[PDB]
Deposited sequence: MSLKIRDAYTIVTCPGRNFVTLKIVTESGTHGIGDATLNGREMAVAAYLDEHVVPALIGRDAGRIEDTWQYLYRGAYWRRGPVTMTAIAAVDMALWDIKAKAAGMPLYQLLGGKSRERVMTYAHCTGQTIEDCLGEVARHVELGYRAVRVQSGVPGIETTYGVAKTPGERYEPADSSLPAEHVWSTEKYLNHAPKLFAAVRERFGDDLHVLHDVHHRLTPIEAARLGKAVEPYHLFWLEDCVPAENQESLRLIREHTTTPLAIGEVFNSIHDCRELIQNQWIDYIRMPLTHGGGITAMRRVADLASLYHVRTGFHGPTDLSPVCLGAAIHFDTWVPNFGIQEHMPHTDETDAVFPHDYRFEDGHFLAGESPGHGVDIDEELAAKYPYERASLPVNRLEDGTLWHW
């Protein structure tokens, strides 16, 4: 499987996606997601200028050696641009390997551990009542799990060419959030899995406060409570609440969460394939997690392409310690650019049976949607302080 060609495709069927494609001598090809929301062209350049030329002539069957070659060989290790490029290669190589094996990817990984992949939907509204209306609608679609967000008194996040500036007040939020969860439980009961994303805005003692306040609502998870570059940040939360915790969509390395996991400070690891060094790296993450009862909860936003979603569904299908799969539906244009054989049914994903990860890119269609810059917002406190979005 000597690599004849490799290149990136950049497209915007409703939002930006970057994709690496690798083509071997026998015409066997694989694609990997390389999308990094708000910083897309950095990964495209990292790939186009520095990785791509090095892939020509390599044996595409050597997945592990290529991963170490790119990770160690970069000299500068880890990081979002770095690991997303590496994940793109890794994802494409596993795609090729599965095709060469004549197997859908989940079979290659060790076979299926489950007959379907539970997901959760996004239920958002300006008021509690709107959110509740959303919960109803998604329950009717078959979803067993919902992420609930509402407005605090007093959707594509990367919504502006340059970062939009939002205002934040922690105390208003804390005083309001438990009210949402109580109303969700009042209307829908305890059968429903209910998730909330705190989205980095709290200090640990504040997140401890919240966690304790929402214990009577039995959240499936409380996600991204606090910025966690300092992993010890989760300690105070964990020591003060039994509300399950989730973190890691902003992580790109097992070194970002090793201590979180070993200390049992989280219940679910959120780092996905595209940002976490791909299949090769994520297997090691899931394995470590399994030693401590920690389960996978893959980030699955619009800003990871169907290539990642397809591969993630295969991964979800095999991995023993599967928790849940996030599902923010891509636009119809996006789905058309990325033909795939995974399917959604009654609140769950079903892995494809086609060899590879089951996803392709229609390059002719993708060319109809040129890149359009879009940045993630910033968050400021009411005094102007640049805060966490």
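Visitor: Enumerate the deposited-sequence segments absent from the coordinates, judged by C-alpha atoms, in order of position.
Guide: Deposited residues absent from the model fall in 1 to 2, 157 to 170.
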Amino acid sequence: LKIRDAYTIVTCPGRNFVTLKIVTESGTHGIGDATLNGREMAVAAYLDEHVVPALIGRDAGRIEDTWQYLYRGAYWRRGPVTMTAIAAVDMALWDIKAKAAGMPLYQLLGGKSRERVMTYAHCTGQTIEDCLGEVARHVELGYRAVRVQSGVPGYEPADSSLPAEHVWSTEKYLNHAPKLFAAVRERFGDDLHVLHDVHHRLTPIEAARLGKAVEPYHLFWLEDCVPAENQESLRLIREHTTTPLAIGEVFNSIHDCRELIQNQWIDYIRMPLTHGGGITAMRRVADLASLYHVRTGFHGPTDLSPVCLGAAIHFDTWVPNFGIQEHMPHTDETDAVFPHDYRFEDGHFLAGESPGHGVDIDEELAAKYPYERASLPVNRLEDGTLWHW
From here on, numbers count along this sequence of modelled residues.
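If you superpose the two forms and keep the largest set of C-alpha atoms that fall within 1.5 Å, you have the rigid core.
Visitor: With the rigid core as the fit anchor, does 69 to 77 or 179 to 187 show bigger C-alpha shifts in 7 other deposited structures of this protein?
Guide: Once the core is superposed, the stretch further away in 7 other deposited structures of this protein is 69 to 77.
Visitor: Of the other PDB entries for this protein whose models extend past residue 203 on both sides, does at least a third leave it without coordinates?
Guide: no, residue 203 modelled in all other entries.
Visitor: Looking across the other entries that model both neighbours, is residue 156 missing in at least a third?
Guide: Looking at the other entries that model residues on either side of it, residue 156 is missing from at least a third.
Visitor: Between 318 to 326 and 23 to 31, name whichever shows the higher mean Cα B factor according to the PDB entry.
Guide: Mean B over CA atoms: larger for 23 to 31.
Visitor: According to the deposited model, is the average Cα temperature factor higher in 328 to 336 or in 39 to 47?
Guide: Mean CA B-factor is higher for 328 to 336.
Visitor: Among 252, 231, 113, 170, where is the Cα B factor highest in this entry?
Guide: Of the options given, 113 has the highest CA B-factor in the PDB entry.
Visitor: Out of 306, 133, 79, 300, whose C-alpha atom has the biggest B factor in the entry?
Guide: Highest C-alpha B-factor among the listed options: 133.
Visitor: Please rank the C-alpha B-factors of the chain's modelled residues and tell me whether residue 363 sits in the lowest, middle or highest third.
Guide: Highest third of the chain for residue 363's C-alpha B-factor.
Visitor: Ordered by C-alpha B-factor within the chain, which third holds residue 188? Give me lowest, middle or highest, please.
Guide: For residue 188, whose C-alpha B-factor we compare with every modelled residue in the chain, the answer is the highest third.
Visitor: In terms of the chain's CA B-factor thirds, is residue 355 lowest, middle or highest?
Guide: As the PDB entry reports it, the C-alpha B-factor of residue 355 lands in the highest third of its chain.
Visitor: Give the position of residue 7 by CA B-factor within its chain, expressed as the lowest, middle or highest third.
Guide: Within its chain, residue 7 is a middle-third residue by C-alpha B-factor, going by the deposited values.
Visitor: Compared with the other modelled residues in the chain, in which third is the CA B-factor of residue 54?
Guide: Highest third.
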